[PDB]
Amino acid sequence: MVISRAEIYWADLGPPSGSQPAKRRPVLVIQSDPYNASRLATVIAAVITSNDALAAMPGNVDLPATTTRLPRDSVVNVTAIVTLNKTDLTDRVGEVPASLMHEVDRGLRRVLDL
C-alpha cells in the first residue's frame, strides 16, 4: 500500500520495556513522502495516546476524536518516536489536517532541536 505523511495507522509496538513506546496503538506517520514512496522498508511515526495528561507536555498535539475518527480524544506524543516496518501499519484511520500537522511539525523541531 501507499503510505503518506500525516496518516494515522494502528501498529503493534511490542512488549513494554520501561518507558519506551509499546503495545498496540495509533501512530502518526512523520516520515516524508519521498522516503515513504521509496524502497526503504521502514517508516518513522509518532506515538498517539488517549492519555489526556500528555497533552500538557510542551510540543505534544491534541487530536480531537471528531477530527481523526479515532475512538477517543488523543494526543500526539512527539517525545515518543518509533521506526516501524511499513508492513506493520494496519487499519488506516485517516489523514490529519494540515493545520494540526503544522503543530506536530513545530513540536518535532522542538524535541529534536531542528
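Start at 1 and count along the sequence shown; that's the residue number.
Undergrad: Check the entry's C-alpha temperature factors for 47 to 55 and 72 to 80, then say which stretch has the higher mean.
TA: The stretch with the larger average C-alpha B-factor is 47 to 55.
Undergrad: Take the C-alpha B-factors listed in the entry for 82 to 90 and for 56 to 64, compute each mean, and give the stretch with the larger one.
TA: Mean B over CA atoms: larger for 56 to 64.
Undergrad: Just the C-alpha B-factor column, please: which of 104, 11, 22, 98 has the biggest number?
TA: Out of 104, 11, 22, 98, the record gives the largest C-alpha B-factor to 98.
Undergrad: Per the entry's values, where does residue 1 land by CA temperature factor relative to the rest of its chain, in the lowest, middle or highest third?
TA: According to the entry, residue 1 has a C-alpha B-factor in the chain's highest third.
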